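Containing TSV, N, CA and C atoms: structure.tsv.
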chain	number	residue	atom	x	y	z
T	351	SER	N	80.97	53.64	39.71
T	351	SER	CA	81.76	53.37	38.53
T	351	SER	C	83.14	52.80	38.88
T	352	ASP	N	83.74	52.09	37.93
T	352	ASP	CA	85.14	51.72	38.04
T	352	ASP	C	85.94	52.94	37.59
T	353	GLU	N	86.58	53.61	38.55
T	353	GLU	CA	87.30	54.84	38.26
T	353	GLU	C	88.59	54.61	37.47
T	354	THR	N	89.01	53.35	37.36
T	354	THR	CA	90.26	53.03	36.67
T	354	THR	C	90.05	52.43	35.27
T	355	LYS	N	88.80	52.14	34.89
T	355	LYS	CA	88.58	51.42	33.64
T	355	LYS	C	89.06	52.21	32.41
T	356	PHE	N	89.00	53.53	32.47
T	356	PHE	CA	89.41	54.35	31.33
T	356	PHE	C	90.87	54.12	30.96
T	357	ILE	N	91.67	53.69	31.93
T	357	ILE	CA	93.09	53.46	31.69
T	357	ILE	C	93.33	52.48	30.55
T	358	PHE	N	92.45	51.50	30.39
T	358	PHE	CA	92.64	50.48	29.36
T	358	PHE	C	92.26	50.96	27.97
T	359	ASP	N	91.70	52.16	27.88
T	359	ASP	CA	91.46	52.76	26.56
T	359	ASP	C	92.62	53.68	26.21
T	360	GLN	N	93.21	54.29	27.23
T	360	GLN	CA	94.39	55.14	27.02
T	360	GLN	C	95.65	54.30	26.85
T	361	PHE	N	95.73	53.20	27.59
T	361	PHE	CA	96.87	52.28	27.52
T	361	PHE	C	96.35	50.85	27.35
T	362	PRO	N	95.99	50.48	26.11
T	362	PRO	CA	95.30	49.20	25.95
T	362	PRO	C	96.16	47.97	26.23
T	363	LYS	N	97.47	48.14	26.35
T	363	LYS	CA	98.34	47.01	26.70
T	363	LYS	C	98.60	46.89	28.19
T	364	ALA	N	97.96	47.75	28.99
T	364	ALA	CA	98.12	47.68	30.44
T	364	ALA	C	97.45	46.41	30.97
T	365	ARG	N	97.85	45.98	32.17
T	365	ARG	CA	97.28	44.77	32.74
T	365	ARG	C	97.04	44.97	34.23
T	366	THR	N	96.21	44.12	34.81
T	366	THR	CA	95.93	44.21	36.24
T	366	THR	C	96.62	43.07	36.97
T	367	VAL	N	97.37	43.40	38.02
T	367	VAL	CA	97.92	42.36	38.90
T	367	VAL	C	97.33	42.50	40.29
T	368	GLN	N	97.28	41.38	41.02
T	368	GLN	CA	96.75	41.38	42.38
T	368	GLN	C	97.86	40.87	43.28
T	369	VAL	N	98.43	41.75	44.10
T	369	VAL	CA	99.61	41.37	44.87
T	369	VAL	C	99.34	41.50	46.36
T	370	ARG	N	99.50	40.40	47.10
T	370	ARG	CA	99.24	40.45	48.53
T	370	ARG	C	100.40	41.07	49.29
T	371	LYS	N	100.09	42.08	50.11
T	371	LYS	CA	101.13	42.70	50.93
T	371	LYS	C	101.34	41.80	52.13
T	372	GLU	N	102.51	41.18	52.20
T	372	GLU	CA	102.88	40.39	53.37
T	372	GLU	C	104.19	40.98	53.85
T	373	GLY	N	104.09	41.96	54.75
T	373	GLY	CA	105.25	42.75	55.13
T	373	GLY	C	105.44	43.89	54.14
T	374	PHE	N	105.51	43.53	52.86
T	374	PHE	CA	105.74	44.48	51.79
T	374	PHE	C	105.17	43.84	50.54
T	375	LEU	N	105.01	44.62	49.48
T	375	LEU	CA	104.65	44.07	48.18
T	375	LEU	C	105.90	43.50	47.51
T	376	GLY	N	106.99	44.26	47.60
T	376	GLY	CA	108.26	43.83	47.04
T	376	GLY	C	108.75	44.74	45.94
T	377	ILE	N	108.33	46.01	45.96
T	377	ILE	CA	108.74	46.94	44.91
T	377	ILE	C	109.30	48.24	45.46
T	378	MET	N	110.03	48.96	44.61
T	378	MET	CA	110.32	50.37	44.83
T	378	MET	C	109.90	51.11	43.58
T	379	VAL	N	109.64	52.41	43.70
T	379	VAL	CA	109.24	53.18	42.54
T	379	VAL	C	110.05	54.45	42.47
T	380	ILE	N	110.04	55.06	41.29
T	380	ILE	CA	110.61	56.39	41.10
T	380	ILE	C	109.63	57.21	40.29
T	381	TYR	N	109.77	58.53	40.36
T	381	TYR	CA	109.11	59.37	39.40
T	381	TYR	C	110.09	59.54	38.25
T	382	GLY	N	109.70	59.11	37.06
T	382	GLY	CA	110.61	59.12	35.93
T	382	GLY	C	109.93	59.46	34.62
T	383	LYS	N	110.62	59.16	33.53
T	383	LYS	CA	110.14	59.52	32.20
T	383	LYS	C	110.45	58.38	31.24
T	384	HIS	N	109.55	58.16	30.29
T	384	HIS	CA	109.82	57.20	29.23
T	384	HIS	C	109.43	57.87	27.92
T	385	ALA	N	110.23	57.63	26.88
T	385	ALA	CA	110.05	58.29	25.59
T	385	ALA	C	108.65	58.13	25.02
T	386	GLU	N	108.03	56.98	25.29
T	386	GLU	CA	106.78	56.62	24.63
T	386	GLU	C	105.53	57.12	25.34
T	387	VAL	N	105.67	57.51	26.60
T	387	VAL	CA	104.49	57.72	27.42
T	387	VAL	C	104.58	59.00	28.27
T	388	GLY	N	105.79	59.54	28.40
T	388	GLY	CA	106.00	60.75	29.18
T	388	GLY	C	106.37	60.47	30.62
T	389	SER	N	106.10	61.43	31.50
T	389	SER	CA	106.46	61.32	32.92
T	389	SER	C	105.40	60.56	33.71
T	390	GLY	N	105.83	59.98	34.82
T	390	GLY	CA	104.93	59.27	35.71
T	390	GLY	C	105.70	58.41	36.69
T	391	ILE	N	105.00	57.43	37.28
T	391	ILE	CA	105.59	56.58	38.30
T	391	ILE	C	105.97	55.24	37.68
T	392	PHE	N	107.21	54.81	37.90
T	392	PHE	CA	107.69	53.55	37.32
T	392	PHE	C	108.28	52.65	38.38
T	393	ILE	N	108.08	51.34	38.23
T	393	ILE	CA	108.74	50.39	39.11
T	393	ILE	C	110.25	50.49	38.88
T	394	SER	N	111.02	50.65	39.96
T	394	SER	CA	112.46	50.87	39.84
T	394	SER	C	113.27	49.73	40.43
T	395	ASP	N	112.64	48.91	41.27
T	395	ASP	CA	113.33	47.74	41.79
T	395	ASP	C	112.31	46.73	42.23
T	396	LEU	N	112.76	45.49	42.38
T	396	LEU	CA	111.85	44.39	42.65
T	396	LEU	C	112.60	43.45	43.57
T	397	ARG	N	111.96	43.02	44.65
T	397	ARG	CA	112.62	42.20	45.65
T	397	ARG	C	112.52	40.72	45.31
T	398	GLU	N	113.66	40.04	45.29
T	398	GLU	CA	113.67	38.61	44.97
T	398	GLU	C	112.80	37.80	45.94
T	399	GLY	N	111.98	36.91	45.39
T	399	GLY	CA	111.12	36.06	46.19
T	399	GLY	C	109.84	36.71	46.67
T	400	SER	N	109.66	38.00	46.38
T	400	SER	CA	108.51	38.74	46.87
T	400	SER	C	107.24	38.41	46.08
T	401	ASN	N	106.08	38.79	46.63
T	401	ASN	CA	104.81	38.56	45.94
T	401	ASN	C	104.69	39.39	44.66
T	402	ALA	N	105.31	40.57	44.63
T	402	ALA	CA	105.30	41.35	43.40
T	402	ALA	C	106.06	40.62	42.31
T	403	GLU	N	107.20	40.03	42.66
T	403	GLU	CA	107.97	39.29	41.66
T	403	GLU	C	107.16	38.09	41.16
T	404	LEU	N	106.54	37.38	42.10
T	404	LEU	CA	105.72	36.22	41.76
T	404	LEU	C	104.53	36.54	40.85
T	405	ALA	N	104.01	37.77	40.96
T	405	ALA	CA	102.85	38.20	40.18
T	405	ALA	C	103.22	38.76	38.81
T	406	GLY	N	104.51	38.84	38.53
T	406	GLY	CA	104.93	39.29	37.21
T	406	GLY	C	105.12	40.79	37.07
T	407	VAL	N	105.27	41.50	38.19
T	407	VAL	CA	105.64	42.92	38.13
T	407	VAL	C	107.08	42.96	37.60
T	408	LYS	N	107.36	43.88	36.67
T	408	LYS	CA	108.72	43.99	36.12
T	408	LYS	C	109.29	45.37	36.40
T	409	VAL	N	110.60	45.41	36.64
T	409	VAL	CA	111.31	46.69	36.73
T	409	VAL	C	111.11	47.44	35.42
T	410	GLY	N	110.77	48.72	35.52
T	410	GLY	CA	110.52	49.54	34.34
T	410	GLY	C	109.04	49.69	34.02
T	411	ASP	N	108.19	48.86	34.61
T	411	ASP	CA	106.74	48.95	34.35
T	411	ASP	C	106.22	50.30	34.82
T	412	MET	N	105.29	50.90	34.08
T	412	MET	CA	104.65	52.13	34.55
T	412	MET	C	103.48	51.77	35.45
T	413	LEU	N	103.39	52.42	36.60
T	413	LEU	CA	102.32	52.17	37.57
T	413	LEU	C	101.18	53.15	37.32
T	414	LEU	N	100.03	52.62	36.91
T	414	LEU	CA	98.92	53.46	36.45
T	414	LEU	C	97.78	53.58	37.47
T	415	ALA	N	97.63	52.60	38.34
T	415	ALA	CA	96.67	52.70	39.44
T	415	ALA	C	97.04	51.80	40.61
T	416	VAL	N	96.62	52.21	41.80
T	416	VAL	CA	96.74	51.38	43.00
T	416	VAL	C	95.33	51.25	43.56
T	417	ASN	N	94.79	50.03	43.56
T	417	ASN	CA	93.38	49.82	43.88
T	417	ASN	C	92.54	50.78	43.04
T	418	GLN	N	91.65	51.55	43.66
T	418	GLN	CA	90.80	52.46	42.87
T	418	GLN	C	91.40	53.86	42.70
T	419	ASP	N	92.63	54.06	43.16
T	419	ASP	CA	93.28	55.36	43.00
T	419	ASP	C	94.19	55.42	41.76
T	420	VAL	N	93.83	56.27	40.81
T	420	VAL	CA	94.61	56.42	39.58
T	420	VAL	C	95.93	57.13	39.88
T	421	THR	N	97.04	56.59	39.38
T	421	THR	CA	98.36	57.18	39.67
T	421	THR	C	99.02	57.80	38.45
T	422	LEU	N	98.24	57.95	37.38
T	422	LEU	CA	98.72	58.57	36.16
T	422	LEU	C	99.28	59.97	36.40
T	423	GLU	N	98.65	60.70	37.31
T	423	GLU	CA	99.08	62.07	37.59
T	423	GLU	C	99.66	62.24	39.00
T	424	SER	N	99.96	61.13	39.67
T	424	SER	CA	100.48	61.19	41.04
T	424	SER	C	101.94	61.62	41.08
T	425	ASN	N	102.30	62.40	42.09
T	425	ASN	CA	103.71	62.67	42.34
T	425	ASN	C	104.29	61.54	43.19
T	426	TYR	N	105.58	61.63	43.50
T	426	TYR	CA	106.26	60.56	44.22
T	426	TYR	C	105.67	60.35	45.62
T	427	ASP	N	105.43	61.44	46.34
T	427	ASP	CA	104.91	61.34	47.70
T	427	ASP	C	103.54	60.68	47.72
T	428	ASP	N	102.68	61.07	46.78
T	428	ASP	CA	101.33	60.54	46.75
T	428	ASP	C	101.29	59.07	46.34
T	429	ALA	N	102.08	58.70	45.34
T	429	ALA	CA	102.10	57.30	44.89
T	429	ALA	C	102.67	56.36	45.94
T	430	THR	N	103.80	56.74	46.53
T	430	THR	CA	104.37	55.91	47.60
T	430	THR	C	103.43	55.86	48.79
T	431	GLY	N	102.72	56.96	49.06
T	431	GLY	CA	101.74	56.97	50.14
T	431	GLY	C	100.63	55.95	49.90
T	432	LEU	N	100.14	55.88	48.66
T	432	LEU	CA	99.09	54.92	48.33
T	432	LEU	C	99.60	53.50	48.51
T	433	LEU	N	100.83	53.24	48.07
T	433	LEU	CA	101.38	51.89	48.17
T	433	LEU	C	101.61	51.49	49.62
T	434	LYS	N	102.09	52.42	50.43
T	434	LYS	CA	102.34	52.14	51.84
T	434	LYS	C	101.07	51.90	52.64
T	435	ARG	N	100.01	52.65	52.33
T	435	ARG	CA	98.76	52.54	53.10
T	435	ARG	C	97.91	51.32	52.76
T	436	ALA	N	98.05	50.83	51.53
T	436	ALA	CA	97.24	49.70	51.06
T	436	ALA	C	97.54	48.45	51.86
T	437	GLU	N	96.50	47.69	52.20
T	437	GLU	CA	96.66	46.46	52.98
T	437	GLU	C	96.05	45.31	52.22
T	438	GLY	N	96.47	44.09	52.55
T	438	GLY	CA	95.87	42.91	51.97
T	438	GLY	C	96.27	42.75	50.52
T	439	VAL	N	95.33	42.30	49.70
T	439	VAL	CA	95.57	42.20	48.26
T	439	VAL	C	95.47	43.57	47.60
T	440	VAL	N	96.58	43.99	47.00
T	440	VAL	CA	96.67	45.32	46.40
T	440	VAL	C	96.60	45.16	44.90
T	441	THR	N	95.63	45.84	44.29
T	441	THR	CA	95.41	45.78	42.86
T	441	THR	C	96.30	46.85	42.23
T	442	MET	N	97.12	46.46	41.27
T	442	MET	CA	97.91	47.46	40.56
T	442	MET	C	97.69	47.32	39.07
T	443	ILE	N	97.58	48.45	38.37
T	443	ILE	CA	97.52	48.41	36.93
T	443	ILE	C	98.89	48.83	36.45
T	444	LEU	N	99.49	47.97	35.64
T	444	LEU	CA	100.87	48.16	35.21
T	444	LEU	C	100.98	48.11	33.70
T	445	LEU	N	101.93	48.85	33.15
T	445	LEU	CA	102.17	48.83	31.71
T	445	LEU	C	103.64	48.51	31.45
T	446	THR	N	103.89	47.39	30.79
T	446	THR	CA	105.26	47.04	30.42
T	446	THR	C	105.53	47.65	29.07
T	447	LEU	N	106.62	48.41	28.96
T	447	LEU	CA	106.92	49.13	27.73
T	447	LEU	C	107.97	48.37	26.91
T	448	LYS	N	107.74	48.26	25.61
T	448	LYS	CA	108.55	47.38	24.79
T	448	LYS	C	108.46	47.75	23.31
V	1257	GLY	N	107.73	37.99	61.03
V	1257	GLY	CA	107.49	38.57	59.71
V	1257	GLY	C	108.74	38.50	58.86
V	1258	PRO	N	108.60	38.78	57.56
V	1258	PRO	CA	109.80	38.75	56.71
V	1258	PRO	C	110.72	39.92	57.03
V	1259	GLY	N	112.02	39.74	56.82
V	1259	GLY	CA	112.99	40.76	57.17
V	1259	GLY	C	112.82	42.02	56.34
V	1260	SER	N	113.19	43.17	56.89
V	1260	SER	CA	113.02	44.42	56.16
V	1260	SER	C	114.01	44.46	55.00
V	1261	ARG	N	115.16	43.82	55.18
V	1261	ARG	CA	116.15	43.77	54.11
V	1261	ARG	C	115.93	42.59	53.16
V	1262	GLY	N	116.01	42.85	51.86
V	1262	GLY	CA	115.81	41.82	50.86
V	1262	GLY	C	116.67	42.11	49.65
V	1263	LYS	N	116.80	41.13	48.77
V	1263	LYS	CA	117.72	41.25	47.65
V	1263	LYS	C	117.14	41.99	46.44
V	1264	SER	N	117.84	43.03	46.00
V	1264	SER	CA	117.45	43.80	44.83
V	1264	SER	C	117.67	43.00	43.55
V	1265	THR	N	116.67	42.94	42.67
V	1265	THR	CA	116.85	42.29	41.37
V	1265	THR	C	117.68	43.16	40.43
V	1266	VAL	N	117.72	44.46	40.71
V	1266	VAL	CA	118.50	45.40	39.90
V	1266	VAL	C	119.99	45.39	40.25
V	1267	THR	N	120.31	45.43	41.54
V	1267	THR	CA	121.71	45.54	41.97
V	1267	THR	C	122.29	44.26	42.56
V	1268	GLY	N	121.43	43.36	43.03
V	1268	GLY	CA	121.88	42.16	43.71
V	1268	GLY	C	122.24	42.43	45.16
V	1269	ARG	N	122.10	43.69	45.59
V	1269	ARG	CA	122.44	44.07	46.95
V	1269	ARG	C	121.27	43.85	47.90
V	1270	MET	N	121.58	43.64	49.18
V	1270	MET	CA	120.57	43.50	50.22
V	1270	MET	C	120.22	44.89	50.75
V	1271	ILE	N	119.01	45.34	50.47
V	1271	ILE	CA	118.60	46.70	50.83
V	1271	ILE	C	117.25	46.70	51.54
V	1272	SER	N	116.93	47.79	52.22
V	1272	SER	CA	115.62	47.94	52.85
V	1272	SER	C	114.83	49.00	52.09
V	1273	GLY	N	113.69	49.44	52.63
V	1273	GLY	CA	112.91	50.47	51.98
V	1273	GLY	C	111.93	49.91	50.97
V	1274	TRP	N	111.58	48.65	51.14
V	1274	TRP	CA	110.62	48.01	50.24
V	1274	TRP	C	109.20	48.46	50.52
V	1275	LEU	N	108.45	48.70	49.45
V	1275	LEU	CA	107.01	48.93	49.54
V	1275	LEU	C	106.32	47.59	49.36

Output the structure of this file as structure tokens.
Amino acid sequence: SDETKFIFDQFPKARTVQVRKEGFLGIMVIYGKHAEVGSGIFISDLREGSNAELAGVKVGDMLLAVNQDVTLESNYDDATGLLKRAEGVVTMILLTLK
Amino acid sequence: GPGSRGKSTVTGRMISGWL
């Protein structure tokens, strides 16, 4: 099964990006909170010229999955661990809040 | 490879620690 597909029923405005790690993806994250969705992992910074920037990752986006690992319930150590270990093209499910 | 330090879109500062 696609272990991440359910995310698009819980967050139907979420989207999938494919970002190649070349040295880095180009993001930082925090464990934070948003009024509309609660606590979780959010993009907190974005590196100029990076592949994440080129793929349309935005500061403030909620990070919902990394490849096949769901990050809806991940703590900071686990989410950053997933991002650091991933190689090649890294699939991220992101939700821009607006 | 690309440098570990890069420009923050939030602060404009050159920082490391990129994922």

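Our summary of the geometry notes that atom CA of residue T:371 is positioned 22.3 Å from atom CA of residue T:353.
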
task: as a ChimeraX atom specification, list the residues of chain T assigned to strand (DSSP E or B) by DSSP on the backbone atoms of this structure.
output: /T:365-370,372,374,377-384,388-397,412-416,419-420,439-445

task: Using only C-alpha atoms, determine which residues of chain V fall within 9 Å of chain T; present them as a VMD selection string.
output: chain V and resid 1257 to 1260 1262 to 1267 1273 to 1275

field: residue T:414 surroundings by all atoms listed in the file, 8 Å radius, close-in-sequence under 2 positions cut, as a PyMOL selection string
entry: chain T and resi 354+357+391-392+411-412+416-417+419-423+442-445

Output file for the selection above: N, CA and C atoms, as a PDB file, keeping the file's coordinate frame:
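Full text of out31.pdb as output:
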ATOM      1  N   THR T 354      89.010  53.350  37.360  1.00  0.00           N
ATOM      2  CA  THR T 354      90.260  53.030  36.670  1.00  0.00           C
ATOM      3  C   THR T 354      90.050  52.430  35.270  1.00  0.00           C
ATOM      4  N   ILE T 357      91.670  53.690  31.930  1.00  0.00           N
ATOM      5  CA  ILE T 357      93.090  53.460  31.690  1.00  0.00           C
ATOM      6  C   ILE T 357      93.330  52.480  30.550  1.00  0.00           C
ATOM      7  N   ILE T 391     105.000  57.430  37.280  1.00  0.00           N
ATOM      8  CA  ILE T 391     105.590  56.580  38.300  1.00  0.00           C
ATOM      9  C   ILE T 391     105.970  55.240  37.680  1.00  0.00           C
ATOM     10  N   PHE T 392     107.210  54.810  37.900  1.00  0.00           N
ATOM     11  CA  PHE T 392     107.690  53.550  37.320  1.00  0.00           C
ATOM     12  C   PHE T 392     108.280  52.650  38.380  1.00  0.00           C
ATOM     13  N   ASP T 411     108.190  48.860  34.610  1.00  0.00           N
ATOM     14  CA  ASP T 411     106.740  48.950  34.350  1.00  0.00           C
ATOM     15  C   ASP T 411     106.220  50.300  34.820  1.00  0.00           C
ATOM     16  N   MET T 412     105.290  50.900  34.080  1.00  0.00           N
ATOM     17  CA  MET T 412     104.650  52.130  34.550  1.00  0.00           C
ATOM     18  C   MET T 412     103.480  51.770  35.450  1.00  0.00           C
ATOM     19  N   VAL T 416      96.620  52.210  41.800  1.00  0.00           N
ATOM     20  CA  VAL T 416      96.740  51.380  43.000  1.00  0.00           C
ATOM     21  C   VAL T 416      95.330  51.250  43.560  1.00  0.00           C
ATOM     22  N   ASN T 417      94.790  50.030  43.560  1.00  0.00           N
ATOM     23  CA  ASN T 417      93.380  49.820  43.880  1.00  0.00           C
ATOM     24  C   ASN T 417      92.540  50.780  43.040  1.00  0.00           C
ATOM     25  N   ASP T 419      92.630  54.060  43.160  1.00  0.00           N
ATOM     26  CA  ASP T 419      93.280  55.360  43.000  1.00  0.00           C
ATOM     27  C   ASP T 419      94.190  55.420  41.760  1.00  0.00           C
ATOM     28  N   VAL T 420      93.830  56.270  40.810  1.00  0.00           N
ATOM     29  CA  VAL T 420      94.610  56.420  39.580  1.00  0.00           C
ATOM     30  C   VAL T 420      95.930  57.130  39.880  1.00  0.00           C
ATOM     31  N   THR T 421      97.040  56.590  39.380  1.00  0.00           N
ATOM     32  CA  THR T 421      98.360  57.180  39.670  1.00  0.00           C
ATOM     33  C   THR T 421      99.020  57.800  38.450  1.00  0.00           C
ATOM     34  N   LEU T 422      98.240  57.950  37.380  1.00  0.00           N
ATOM     35  CA  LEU T 422      98.720  58.570  36.160  1.00  0.00           C
ATOM     36  C   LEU T 422      99.280  59.970  36.400  1.00  0.00           C
ATOM     37  N   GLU T 423      98.650  60.700  37.310  1.00  0.00           N
ATOM     38  CA  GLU T 423      99.080  62.070  37.590  1.00  0.00           C
ATOM     39  C   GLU T 423      99.660  62.240  39.000  1.00  0.00           C
ATOM     40  N   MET T 442      97.120  46.460  41.270  1.00  0.00           N
ATOM     41  CA  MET T 442      97.910  47.460  40.560  1.00  0.00           C
ATOM     42  C   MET T 442      97.690  47.320  39.070  1.00  0.00           C
ATOM     43  N   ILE T 443      97.580  48.450  38.370  1.00  0.00           N
ATOM     44  CA  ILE T 443      97.520  48.410  36.930  1.00  0.00           C
ATOM     45  C   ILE T 443      98.890  48.830  36.450  1.00  0.00           C
ATOM     46  N   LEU T 444      99.490  47.970  35.640  1.00  0.00           N
ATOM     47  CA  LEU T 444     100.870  48.160  35.210  1.00  0.00           C
ATOM     48  C   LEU T 444     100.980  48.110  33.700  1.00  0.00           C
ATOM     49  N   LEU T 445     101.930  48.850  33.150  1.00  0.00           N
ATOM     50  CA  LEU T 445     102.170  48.830  31.710  1.00  0.00           C
ATOM     51  C   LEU T 445     103.640  48.510  31.450  1.00  0.00           C
TER      52      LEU T 445
END

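Atom pair atom C of residue V:1261 / atom N of residue T:406: separated by 18.9 Å.
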
- request: Can you work out the spacing between atom CA of residue T:393 and atom CA of residue T:366 in Å, to one decimal?
  value: 14.5 Å

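With distances taken over only C-alpha atoms, T:438 is the one residue among T:388, T:362, T:382, T:438 lying closest to residue T:401.
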
message: Considering only helix (DSSP H, G or I) as DSSP defines it on the backbone, what residues of chain T qualify? List them as JSON, numbers by chain.
response: {"T": [357, 358, 359, 360, 401, 402, 403, 404, 426, 427, 428, 429, 430, 431, 432, 433, 434, 435]}

task: Would you kindly return, as a PyMOL selection string, each protein, DNA or RNA residue with an atom no farther than 7 Å from any atom of residue T:405, considering only N, CA and C atoms and excluding same-chain residues fewer than 5 positions away?
output: chain T and resi 367-369+400

Return the padded bounding box of stretch 364-379 of chain T as AutoDock Vina command-line options: axis-aligned, built from all atoms listed in the file, 3 Å added on each side, with centre and edge lengths in Å to one decimal.
--center_x 103.1 --center_y 47.4 --center_z 42.1 --size_x 20.4 --size_y 20.1 --size_z 32.1

Quick test: take stretch 386-446 of chain T, keep C-alpha atoms, and write it as a PDB file, in the first residue's frame.
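Writing done, so here's out32.pdb:
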ATOM      1  CA  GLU T 386      -5.603  25.644  11.855  1.00  0.00           C
ATOM      2  CA  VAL T 387      -3.892  22.288  12.117  1.00  0.00           C
ATOM      3  CA  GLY T 388      -2.246  21.970  15.545  1.00  0.00           C
ATOM      4  CA  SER T 389       1.310  20.858  16.361  1.00  0.00           C
ATOM      5  CA  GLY T 390       3.762  19.236  13.979  1.00  0.00           C
ATOM      6  CA  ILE T 391       6.821  19.803  11.806  1.00  0.00           C
ATOM      7  CA  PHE T 392       7.042  23.007   9.748  1.00  0.00           C
ATOM      8  CA  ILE T 393       9.551  24.354   7.252  1.00  0.00           C
ATOM      9  CA  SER T 394      11.333  27.181   9.107  1.00  0.00           C
ATOM     10  CA  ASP T 395      13.925  28.312   6.585  1.00  0.00           C
ATOM     11  CA  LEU T 396      14.794  27.848   2.949  1.00  0.00           C
ATOM     12  CA  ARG T 397      18.196  28.199   1.299  1.00  0.00           C
ATOM     13  CA  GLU T 398      18.454  30.564  -1.665  1.00  0.00           C
ATOM     14  CA  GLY T 399      19.195  28.768  -4.942  1.00  0.00           C
ATOM     15  CA  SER T 400      18.578  25.337  -3.397  1.00  0.00           C
ATOM     16  CA  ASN T 401      16.566  22.501  -4.965  1.00  0.00           C
ATOM     17  CA  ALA T 402      13.905  22.880  -2.275  1.00  0.00           C
ATOM     18  CA  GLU T 403      13.447  26.523  -3.254  1.00  0.00           C
ATOM     19  CA  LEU T 404      13.312  25.557  -6.938  1.00  0.00           C
ATOM     20  CA  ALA T 405      10.616  22.936  -6.209  1.00  0.00           C
ATOM     21  CA  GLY T 406       8.327  25.434  -4.517  1.00  0.00           C
ATOM     22  CA  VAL T 407       8.835  24.512  -0.858  1.00  0.00           C
ATOM     23  CA  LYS T 408       7.759  27.539   1.215  1.00  0.00           C
ATOM     24  CA  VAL T 409       8.724  28.680   4.697  1.00  0.00           C
ATOM     25  CA  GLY T 410       5.786  27.877   6.971  1.00  0.00           C
ATOM     26  CA  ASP T 411       4.697  24.769   5.031  1.00  0.00           C
ATOM     27  CA  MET T 412       3.717  21.805   7.214  1.00  0.00           C
ATOM     28  CA  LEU T 413       5.795  18.694   6.475  1.00  0.00           C
ATOM     29  CA  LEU T 414       3.472  15.686   6.377  1.00  0.00           C
ATOM     30  CA  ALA T 415       5.676  12.916   4.934  1.00  0.00           C
ATOM     31  CA  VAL T 416       9.239  12.172   3.844  1.00  0.00           C
ATOM     32  CA  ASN T 417       9.245   9.449   1.187  1.00  0.00           C
ATOM     33  CA  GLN T 418       7.069   6.671   2.647  1.00  0.00           C
ATOM     34  CA  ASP T 419       7.513   7.812   6.266  1.00  0.00           C
ATOM     35  CA  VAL T 420       4.568   9.816   7.631  1.00  0.00           C
ATOM     36  CA  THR T 421       5.718  12.803   9.727  1.00  0.00           C
ATOM     37  CA  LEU T 422       2.327  13.893  11.044  1.00  0.00           C
ATOM     38  CA  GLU T 423       3.230  12.522  14.466  1.00  0.00           C
ATOM     39  CA  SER T 424       7.035  12.820  14.279  1.00  0.00           C
ATOM     40  CA  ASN T 425       9.042  14.687  16.890  1.00  0.00           C
ATOM     41  CA  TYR T 426      11.938  16.964  15.934  1.00  0.00           C
ATOM     42  CA  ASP T 427      14.645  14.293  16.267  1.00  0.00           C
ATOM     43  CA  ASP T 428      12.749  11.776  14.170  1.00  0.00           C
ATOM     44  CA  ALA T 429      11.762  14.196  11.386  1.00  0.00           C
ATOM     45  CA  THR T 430      15.236  15.689  11.032  1.00  0.00           C
ATOM     46  CA  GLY T 431      16.609  12.143  11.115  1.00  0.00           C
ATOM     47  CA  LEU T 432      14.405  11.159   8.176  1.00  0.00           C
ATOM     48  CA  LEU T 433      15.462  14.233   6.204  1.00  0.00           C
ATOM     49  CA  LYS T 434      19.162  13.693   6.909  1.00  0.00           C
ATOM     50  CA  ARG T 435      19.145   9.988   5.995  1.00  0.00           C
ATOM     51  CA  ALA T 436      17.202  10.333   2.733  1.00  0.00           C
ATOM     52  CA  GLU T 437      19.327  10.246  -0.427  1.00  0.00           C
ATOM     53  CA  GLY T 438      18.692  11.104  -4.054  1.00  0.00           C
ATOM     54  CA  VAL T 439      15.238  12.385  -4.940  1.00  0.00           C
ATOM     55  CA  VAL T 440      13.356  12.955  -1.696  1.00  0.00           C
ATOM     56  CA  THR T 441       9.572  12.948  -1.844  1.00  0.00           C
ATOM     57  CA  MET T 442       7.948  15.371   0.567  1.00  0.00           C
ATOM     58  CA  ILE T 443       4.273  15.989   1.190  1.00  0.00           C
ATOM     59  CA  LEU T 444       3.769  19.610   2.141  1.00  0.00           C
ATOM     60  CA  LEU T 445       0.798  21.751   3.137  1.00  0.00           C
ATOM     61  CA  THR T 446       0.858  25.508   2.579  1.00  0.00           C
TER      62      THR T 446
END
